[PDB]
Amino acid sequence: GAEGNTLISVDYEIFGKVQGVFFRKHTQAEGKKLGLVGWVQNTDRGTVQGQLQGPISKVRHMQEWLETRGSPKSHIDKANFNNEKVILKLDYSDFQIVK
């Protein structure tokens with residue numbers, strides 16, 4: 001087991017060539033690696049908002065993975081997170097893709 005998994009909450013946002021791409025399909029796979037919950041979708045403007053929820057032990061790595069790694073058709077012109085804080089625990093059951 002572990003000492004303590006301080007569950008935290010935080011969102012993300014990517015800009016560039018992450019609009020007309022089906023990269024979201026891959027997000028469902030990589031999301032299982034670390035083991036987190038949330039969803040995937042796009043906005044009316046032209047960006048992808050992925051609300052990731054999990055322990056700092058997994059989020060700390062996810063932040064330095066989605067901003068760097070990624071398909072060749074997903075240029076990350078700008079990557080930044082928001083709404084970073086600690087909470088009781090996750091509010092979902094698993095990850096899923098939303099079209």
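Residues numbered from 1 in each chain as written, not as in the entry; some residues may be left out. Heavy atoms only, no water.

- The name the PDB entry gives the protein chain is Acylphosphatase-1, with Homo sapiens as the organism.
- According to the record, the entry carries the title "Human Acylphosphatase (AcPh) common type".
- Taken from UniProt, the Catalytic activity comment for the protein chain reads in full: "an acyl phosphate + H2O = a carboxylate + phosphate + H(+)".
- For the protein chain, the Sequence similarities comment in UniProt is given as "Belongs to the acylphosphatase family." (UniProt positions renumbered as here; feature names shortened; annotations may be inferred.)

What about the overall build of the protein chain?
And step 1. Within the protein chain one finds 2 helices and 6 strands.
And step 2. The globule rule puts the C-alpha radius of gyration for 99 residues at 13 Å, and the 13 Å found for the protein chain is close to it.
And step 3. C-alpha atoms of the protein chain, sized along the principal axes, occupy 40 × 25 × 25 Å.
And step 4. When burial is assessed residue by residue, the protein chain has 25% of its 99 residues classed as buried.
And step 5. By sequence separation, contacts in the protein chain at least 24 residues apart represent 82% of the contacts at least 6 residues apart.
And step 6. Accessible area for the protein chain stands at about 7,300 Å²; split by element, carbon and sulfur atoms hold 50% of it.
And step 7. Counting 14 positive and 11 negative side-chain charges, the protein chain places the averaged centre of each group 7 Å from the other. (Helix = DSSP H or I, 4+ residues; strand = E, 2+ residues; numbered from the N terminus. Rg over C-alpha atoms; globule rule 2.2 N^0.38 Å. Buried < 20%, exposed > 50% of the residue type's maximum accessible area, 1.4 Å probe, protein only. Contact = heavy atoms within 4.5 Å. Areas by Shrake-Rupley, 256 points an atom, 1.4 Å probe, with all protein chains shown as cover. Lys, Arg positive; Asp, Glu negative; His and termini not counted. Charge placed at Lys NZ, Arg CZ, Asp CG, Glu CD.)

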